[PDB]
Protein chains: 2
Amino acid sequence: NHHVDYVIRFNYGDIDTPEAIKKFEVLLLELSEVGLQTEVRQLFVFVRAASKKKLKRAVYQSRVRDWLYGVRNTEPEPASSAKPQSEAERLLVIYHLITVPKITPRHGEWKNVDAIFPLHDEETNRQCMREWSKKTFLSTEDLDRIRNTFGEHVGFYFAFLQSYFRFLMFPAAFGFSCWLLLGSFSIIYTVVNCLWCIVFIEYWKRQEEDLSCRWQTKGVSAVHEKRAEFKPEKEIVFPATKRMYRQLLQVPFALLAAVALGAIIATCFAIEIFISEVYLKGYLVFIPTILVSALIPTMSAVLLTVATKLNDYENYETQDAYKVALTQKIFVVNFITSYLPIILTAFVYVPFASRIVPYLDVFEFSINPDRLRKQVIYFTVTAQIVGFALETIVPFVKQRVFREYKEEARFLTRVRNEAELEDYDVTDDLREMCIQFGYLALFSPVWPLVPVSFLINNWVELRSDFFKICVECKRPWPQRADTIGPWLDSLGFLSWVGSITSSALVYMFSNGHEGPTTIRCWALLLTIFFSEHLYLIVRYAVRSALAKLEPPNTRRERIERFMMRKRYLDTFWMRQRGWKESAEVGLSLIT
Amino acid sequence: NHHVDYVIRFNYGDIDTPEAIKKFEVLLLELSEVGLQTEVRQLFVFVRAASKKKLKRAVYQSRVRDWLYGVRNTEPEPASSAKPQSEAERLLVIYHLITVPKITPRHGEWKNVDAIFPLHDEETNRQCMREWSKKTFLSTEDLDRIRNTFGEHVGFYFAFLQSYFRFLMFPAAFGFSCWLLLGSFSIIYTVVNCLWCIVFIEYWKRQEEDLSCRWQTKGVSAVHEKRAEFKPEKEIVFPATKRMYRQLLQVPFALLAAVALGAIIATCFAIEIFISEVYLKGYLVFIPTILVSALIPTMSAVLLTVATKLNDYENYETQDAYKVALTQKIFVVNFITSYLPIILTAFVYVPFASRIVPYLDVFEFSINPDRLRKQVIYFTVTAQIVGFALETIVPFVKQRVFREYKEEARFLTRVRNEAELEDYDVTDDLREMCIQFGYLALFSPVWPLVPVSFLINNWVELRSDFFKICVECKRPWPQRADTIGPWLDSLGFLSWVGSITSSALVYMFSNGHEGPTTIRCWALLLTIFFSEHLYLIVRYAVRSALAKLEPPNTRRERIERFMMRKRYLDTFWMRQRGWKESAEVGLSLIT
Ligand SMILES: CCCCCCCCCCCCCCCCCC
Ligand SMILES: CCCCCCCCCCCCCCCCCC
Ligand SMILES: CCCCCCCCCCCC
Ligand SMILES: CCCCCCCCCCCC
Ligand SMILES: CCCCCCCCCCCC
Ligand SMILES: CCCCCCCCCCCC
Ligand SMILES: CCCCCCCCCCCC
Ligand SMILES: CCCCCCCCCCCC
Ligand SMILES: CCCCCCCCCCCC
Ligand SMILES: CCCCCCCCCCCC
Ligand SMILES: CCCCCCCCCC
Ligand SMILES: CCCCCCCCCC
Ligand SMILES: CCCCCC
Ligand SMILES: CCCCCC
Ligand SMILES: [Ca+2]
Ligand SMILES: [Ca+2]
Ligand SMILES: [Ca+2]
Ligand SMILES: [Ca+2]
């Protein structure tokens, strides 16, 4: 309540006598530029809009600026009827009316300010957290409500997850038939799956071209806020050619992550085989479990600081390209810590365990035949439950218990209890969706009921993720995007390898595993070359098909830019006696 | 001379008494719409511009129309200083001032008119046919001269061929070292070749984005002339969804062309092996040569009429998409009649001739070891000479001899001698360049001196193709394009397979051919999977590198559309006493 748009908190780090001076500078610069800077702090500084006229100029100066960079594409309405018409759109102007240069508190670094965040609208969360908890799919008018608050970068998540949930009803039905009627490893199911994983990619690439155009946000790559942490050396900047000689260093980082995380997973996989040989039994089972659940959360956390100390080398003048180039350096960790402990089961054991059974240095064997099937149960069913309680229930209990040991203006506690909470990142929430797409592409022929396990998940995960933004963490400031970003390029790579891994897995499991038995000459490498090249000419056929059907929300963009230019537009021997005698020459010619 | 812009000829087919009437209609419709329709025919009708004012309106009505469809992107200059400033640009308005509906003679069909064509400017051909016959590369000011006449669709050919000639100096030097120092089949040369074939593709895709922007023609896909041969069923048209159920029939056509042309090439290859067995000797050599040089020119000519009777099924409302969709149906013939007689040598003989020697039904054998090397000489060296004389010298003699047996206004013969000539097609001229790129990608490790054979060719072929447009065939009317078209998509496919075919050819020629000897299990299919997947992550690295460096002619497009929109733009508990008292609250808080 109380018409607050943002708060601005303070750290109290050092000696107060320059901090008296710095408090003026973070307050003089506001009141010279925005209005009604107020504090009933303790320290956090409230901020309002200035007037019902100085705000209306700032909305018009923003609707002009994205127009002439080629986003809005209509004409900007003037300051007479310049109502913001959206709660997220008004909060977006104010944050650009604070964060931008030429105004900055520079909220992360180079000053002494902790965070800037808006306040929740509790009465419209409570009437939606219970509203679409009953429906099985929420409508386009419901998704625009998640756009008119929380910005659009949060809005592309819940529309992706909705469109992911809507297409999962086809493999969940068809995989149910292949489980109940067929057995596993069926040659029909692994073909329909890879044909399914093409259409969902090529539908969503067409779907973003509607939804980033219907929300008037197609082309925001031109309009990105700059990073303060940027070191140019010229003026009207940094040469992009010097990036390529320094982004080339990213490839020795990817070799390092595959060789450091590759060892720790292969070590802890080798030890838990060794209890099947030698073994006290029940005590020693959790010895590889302790080591793998403590080292790769630590070793990956080392590789974040290596990636961060690498990513701040290359300058990346825009804020978006910094977050994208960091995320593409983390997916090589996320590919290798989540798919390697099941590649190493399916492609090492059942090929050969007789070669690696006589090596007894970590102090008769038939293969336990369901080591693979039990392990693909563990992520897609079990870890979807213990991962549900760990991101929603357990941090909700941690924040509730923490307030209980602590215990005209009562909401100054409520703002203070909101200021303690965490801060949402959609990139942290897209990686749990992009990776679990991998198990549906890479390892679905083992136990074909895995799309049923994600169908039940993604209905609940759609609600629990809207739960955690409203009551568990603070409100994200409204951020704009024209796509989900790096993941769409990586959701297509992850279905590439799913065509190689599946069709190689179907051939060996032709009614016998037997870990030197299966032919590889005309069989294994041939069905990889043939299946994967049949993958490519199908996605070439689907992508070239959907590019010929433009959807209506982007057809109304091309027509509307036509009408804009329509309105700015609106602001010597010859003697044959014309044609009546020239035709008389032709009538004379008859032979 | 004589200020003629186009001529319009006539057929004299049927009985003259409605042809008296039809002569009025093709002349009344001109003089109501254009000026100075004149004939000193025999029949062909001259046509001029109307005035120095009615022409200037038509140039302005064309510069407006491509602007508001988003091509010209500046503002159109008004009719005061609306000089056409180009010879091809003035002839382009007149042809659209004749051919377009709502005016049509519809020059191909549904009336009785044969052809419309402009006249050559002989004095500026003669001063350029000898001018750049001395230089080794012609400049950007020389290429604009081939743009300001002959349109732009001819202009993208001579700029592609120039940029192809400029990058061929690197394999011609490096392949000369690999021939003189190394032998054939060297593992270094086949890697640098496939790395070369990526950069030339990814440079030219970046180069068209300059050259179709510097010529003010980026986005002409919006502005295409319609086809008269078009059968809609609605109004404000034909559903594009019905195309996909009928373009699906293109794939059984491609199976038919590979099985009809596949037989005749495999038959005539089998017979010329059979003279190496049984054999009179010298008479019987040319028996497969006669059959293969007479059936595949006939059998392909059948497949044009099948493709044409297929392509007119799907409507293709634009003129460009008809020519593109025909050309993509002919490349499956051109792939299979030009590369199959050397795939079938390299991948059948030296794998196994002992299996196919005992089959003697077409009435000891060591393999003639240079059947492959002598055959790859034949296209890349010999057929480049007998193909030179067959497209330039021999049709020049055919047109010169034909006039000699025949033998105030002398040029009415010159126009009549120009009207007899052939008509140029750039698509017929790009296919001889796109296919000979295939031999440089697909079969370069045999006899590595093949880029020297195309370097000498492409200097001569650049001049002889400019020779044949000026004196051998009539002038093409100025046609616009923003790319070379279908070939750029097919010049990348043709380097895909060149990474598979080369790296498989290096493995079976590791110092022994021996047509069951080479391992294929861990060797042949493995070096295809690894080499080709290393091809893909290199072209992903090159394409993502060049997309980060925008060239200046398209940077001056994005800035210039910014300045266009710049000019159309130019046509309640609160009491804390501002900030000077709000800061006084923070100074009190010290502990
Ligand atoms: C279950 C082990 C038996 C392995 C031997 C059978 C392999 C010989 C038959 C090849 C089957 C694959 C044919 C090539 C792939 C075609 C898919 C496009
Ligand atoms: C010349 C005939 C000899 C064939 C046997 C040699 C094959 C065994 C060594 C494999 C060489 C290729 C290694 C895999 C390709 C790596 C290229 C990325
Ligand atoms: C607009 C949503 C279209 C629904 C199509 C769902 C069909 C799922 C199967 C996809 C083809 C394999
Ligand atoms: C761990 C991967 C290397 C193991 C090699 C196993 C060799 C066993 C003999 C099979 C011969 C191909
Ligand atoms: C579309 C790519 C997946 C096709 C899978 C086919 C696998 C064929 C294996 C047959 C072995 C008997
Ligand atoms: C980038 C477009 C790739 C898909 C089009 C090429 C199809 C490649 C098939 C190659 C099979 C040998
Ligand atoms: C503008 C033309 C650049 C010339 C570059 C030619 C270099 C040829 C070798 C290409 C790299 C393999
Ligand atoms: C023409 C292609 C089929 C020829 C098959 C040759 C078989 C020879 C014996 C080799 C066994 C793989
Ligand atoms: C870049 C793709 C071409 C690479 C060719 C490598 C071929 C390796 C063959 C080695 C066999 C001894
Ligand atoms: C269309 C983009 C294709 C290139 C990017 C994907 C790279 C594929 C490499 C897959 C290796 C297994
Ligand atoms: C080991 C996997 C390394 C590559 C991860 C995917 C990065 C490419 C995305 C297109
Ligand atoms: C036998 C070759 C058939 C395919 C020819 C290439 C058509 C695809 C172009 C991308
Ligand atoms: C047989 C090759 C087909 C390729 C189509 C893109
Ligand atoms: C090892 C896979 C690398 C893929 C890079 C696109
Ligand atoms: Ca989850
Ligand atoms: Ca979550
Ligand atoms: Ca030629
Ligand atoms: Ca030619």
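Residues numbered from 1 in each chain as written, not as in the entry; some residues may be left out. Chains lettered and ligands numbered in written order. Heavy atoms only, no water. Residues with missing side-chain atoms left out of burial classes, pairs and counts.

For the calcium ion (ligand 17), the full set of protein donor atoms is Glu 391 of chain B (OE) and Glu 432 of chain B (OE), and the range of their distances to it is 2.7 to 3.1 Å. Between the two metals, the calcium ion (ligand 17) and the calcium ion (ligand 18), the spacing is 4.8 Å, and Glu 391 of chain B donates to both. (Donors = N, O, S within 2.8 Å, 3.2 Å for Na, K, Ca; no water.)

Neighbouring strands of a sheet are bound in pairs by backbone hydrogen bonds; such pairs are parallel or else antiparallel. Residues and elements named next belong to chain A. One open sheet accounts for 3 strands, arranged β2-β1-β3; its pairing is antiparallel. Looking along the sheet, the strands with just one partner apiece sit at the ends: β2 (44–47) and β3 (113–117). Pairs of neighbouring strands in the sheet enclose a mean axial angle of 15 degrees, with direction left out of account. In this sheet, β2 lies alongside strand β1 (residues 6–10) in antiparallel orientation, the contact comprising 4 bridges. Residue pairing for β2: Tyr 6 is matched across the bridge by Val 47. (Pairing = 2+ DSSP bridges. Helix = DSSP H or I, 4+ residues; strand = E, 2+ residues; numbered from the N terminus. Axes fitted to C-alpha atoms, helices over the stretch in contact; angles between N-to-C directions.)

To continue, consider the environment of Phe 150 of chain A. Residues and elements named next belong to chain A. Positionally, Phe 150 belongs in the loop between α5 (140–148) and α6 (155–167). Classification of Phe 150 as buried rests on a relative accessible area of 4%. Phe 150 sits 30 residues away from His 120 along the chain, and the two C-alpha atoms are 9.7 Å apart. Those residues in contact with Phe 150 that lie beyond four places of it in its chain are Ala 88, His 120, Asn 125, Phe 466, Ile 469, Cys 470, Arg 475, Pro 476 and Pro 478. (Buried < 20%, exposed > 50% of the residue type's maximum accessible area, 1.4 Å probe, protein only. Contact = heavy atoms within 4.5 Å.)

Each copy of the sequence occupies a distinct position, and chain B is placed on chain A by a rotation of 180 degrees and an axial shift of 0.0 Å, giving an RMSD of 0.0 Å. Here the symmetry operator amounts to a two-fold rotation axis. Distance from the rotation axis, computed per C-alpha, reaches its smallest value in chain B at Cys 521 of chain B: 2.0 Å. A high fraction, 100%, of the interface residues of chain B reappear at the interface in chain A, so the copies pair face to face through one surface. (Least-squares fit on C-alpha atoms.)

A separate point is the site of ligand 1. Residue and element names in this part refer to chain A. Lining the immediate environment of ligand 1, one finds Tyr 507, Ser 510, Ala 523, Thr 527 and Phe 530. About the coverage of ligand 1: the protein hides 54% of its 550 Å² of free accessible area. Of the residues contributing to the shell around ligand 1, the split by class is 3 nonpolar, 2 polar and no charged. (Near = heavy atom within 4 Å. Areas by Shrake-Rupley, 256 points an atom, 1.4 Å probe, with all protein chains shown as cover. Nonpolar A, V, L, I, M, F, W, Y, C, P; charged D, E, K, R; others polar.)

For the rest of this paragraph, the subject is helix α18 (residues 486–508) of chain A. Taking 1.5 Å per residue as the helical rise, α18 of chain A with its 23 residues ought to reach 33 Å, and the 34 Å between its terminal C-alpha atoms agrees with that figure. With 19 of 23 residues buried, α18 of chain A lies mostly within the body of the structure. (Expected span 1.5 Å × (residues − 1).)

Locating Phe 176 of chain B in the fold gives a position in helix α7 (residues 169–180). Sequence-wise, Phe 176 of chain B and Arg 106 of chain B are 70 residues apart; in three dimensions their C-alpha atoms are separated by 54 Å.

Take the interface of chain B and chain A next. With 63 residues of chain B at the contact, the number on the chain A side is 63 residues. Taken together, the elements giving at least two residues each to the side of chain B that touches chain A come down to α1 (16–31), α2 (54–68), α9 (241–247), α18 (486–508), α19 (524–546), α20 (552–569) and α21 (582–588) of chain B. When residues of the side of chain B that touches chain A are assigned to their parent elements, the largest contribution, 8 residues, is made by α19 of chain B. For the side of chain B that touches chain A, a count of residues per class yields 39 nonpolar, 14 polar and 10 charged.

Enumeration according to the criterion identifies 40 salt bridges over all chains in this entry. For the salt bridge of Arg 400 of chain A with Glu 404 of chain A, the shortest nitrogen-to-oxygen distance reads 3.9 Å. One end of the pair, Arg 400 of chain A, and the other, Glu 404 of chain A, are both in helix α14 (residues 371–404), 4 residues apart, so they sit about a helical turn from each other. Assessed through its relative accessible area of 45%, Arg 400 of chain A is described here as partly exposed. We classify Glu 404 of chain A as partly exposed; its relative accessible area is 45%. Ionic pairing is found between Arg 480 of chain B and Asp 66 of chain B, a salt bridge with its closest N-O pair at 3.6 Å. Owing to a relative accessible area of 5%, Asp 66 of chain B belongs among the buried residues under this scheme. Within the structure, one salt-bridge network assembled from shared partners comprises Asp 5, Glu 87 and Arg 90 of chain A. (Salt bridge = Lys/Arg side-chain N within 4 Å of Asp/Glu carboxyl O.)

We now examine the site of ligand 9. All names here are of chain B. Residues in close proximity to ligand 9 include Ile 187, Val 191, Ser 503, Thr 527, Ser 531 and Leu 534, which together make up its full environment. For ligand 9, whose accessible area on its own is 400 Å², the fraction buried by protein is 69%. Top contributing element to the shell around ligand 9 by residue count: α19, with 3 residues. Tallied by class, the residues present in the shell around ligand 9 amount to 3 nonpolar, 3 polar and no charged.

Okay, a nonpolar patch on the surface next. A surface patch of nonpolar side chains, about 770 Å² in accessible area, is lined by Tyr 283, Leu 284, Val 285, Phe 286, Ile 287, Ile 290, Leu 291 and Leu 295 of chain A. The residue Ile 287 of chain A is located in helix α11 (residues 286–311) in this model. (Patch = residues over 30% accessible without salt bridge, like charges linked within 9 Å, V, L, I, M, F, W, Y side chains within 5 Å.)

Before going further, it helps to examine the packing of aromatic side chains. Tallied over the entire structure, the rule returns 68 aromatic pairs over all chains. With a centroid separation of 5.1 Å and 80 degrees between ring planes, the pair formed by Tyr 339 of chain A and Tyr 439 of chain A is classed as edge-to-face. In terms of burial, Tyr 339 of chain A and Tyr 439 of chain A fall into one category: buried. Taking the centre distance of 5.0 Å and the plane angle of 50 degrees together, the rings of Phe 167 of chain B and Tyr 203 of chain B count as tilted. Here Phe 167 of chain B, found in helix α6 (residues 155–167), pairs with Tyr 203 of chain B, found in helix α8 (residues 189–214); they are 36 residues apart in sequence, far enough to count as distant. Take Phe 167 of chain B: its relative accessible area is 23%, and that puts it in the partly exposed class. Put simply, the rings of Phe 160, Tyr 164, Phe 167, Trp 196, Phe 200, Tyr 203, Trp 204 and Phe 437 of chain A touch in pairs and so form one group of aromatic residues. Here the basic side chain of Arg 243 of chain A rests over the ring of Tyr 316 of chain A, its NZ or CZ set 5.1 Å away from the ring centre. Residue placement shows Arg 48 of chain B over the ring face of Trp 573 of chain A; its charged tip is 5.1 Å from the ring centre. (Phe/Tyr/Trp six-rings, centres within 6.5 Å; stacked < 30°, edge-to-face > 60°. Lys NZ or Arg CZ within 6 Å of the ring centre and 35° of its normal.)

Quick look at the sheet that holds strand β3 (residues 113–117) of chain B now. Residue and element names in this part refer to chain B. In space, the 3 strands of this open sheet follow the order β2-β1-β3, with antiparallel pairing throughout. A single partner strand is all that each edge strand has here, and the edge strands are β2 (44–47) and β3. Averaged over neighbouring strand pairs, the angle between their axes works out to 15 degrees when direction is ignored. Sheet analysis places strand β1 (residues 6–10) next to β3, joined by 3 bridges and oriented antiparallel.

Residues and elements named next belong to chain A. Those residues carrying the UniProt feature "transmembrane region" (unreviewed entry) are residues 154–174, 180–204, 253–275, 284–310, 331–352 and 376–397 in this numbering. Along residues 253–275 one finds 96% helix and 0% strand; the C-alpha atoms at either end are 34 Å apart. The distance separating the terminal C-alpha atoms of residues 284–310 is 40 Å; by composition the span is 93% helix and 0% strand. (UniProt positions renumbered as here; feature names shortened; annotations may be inferred.)

As a further point, take the side chain of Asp 210 of chain B. Residues and elements named next belong to chain B. Relative to the elements of secondary structure, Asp 210 occurs in helix α8. For the buried residue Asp 210, which engages in no salt bridge, the nearest side chain bearing the opposite charge is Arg 206, 5.5 Å off. In this structure, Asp 210 is in contact with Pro 551, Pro 552, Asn 553 and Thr 554, ignoring residues within four places of it in sequence. (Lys, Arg positive; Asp, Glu negative; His and termini not counted.)

All names here are of chain A. Following the sequence through the fold, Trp 179 ends up in helix α7 (residues 169–180). In this structure the C-alpha to C-alpha distance between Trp 179 and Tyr 189, which are 10 residues apart in sequence, comes to 9.7 Å. Ignoring any residue separated from it by four or fewer positions in sequence, one finds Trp 179 in contact with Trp 447 and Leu 449.

With that out of the way, let us pick up the UniProt feature "binding site: Ca(2+) 1" (unreviewed entry) in chain A. Residue and element names in this part refer to chain A. The sites that carry the UniProt feature "binding site: Ca(2+) 1" (unreviewed entry) are, in the present numbering, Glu 391, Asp 429, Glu 432, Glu 461 and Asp 465. Along the chain, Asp 429 turns up in helix α16 (residues 426–442). Other than its neighbours up to four places away in sequence, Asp 429 contacts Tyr 157, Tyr 424 and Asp 465. Separated by 2.3 Å, the side chains of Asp 429 and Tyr 424 make a polar contact. Its location among the elements puts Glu 461 in helix α17 (residues 450–472). (Polar contact = N/O pair within 3.5 Å; in protein donor to acceptor, adjacent residues only side chain to side chain.)

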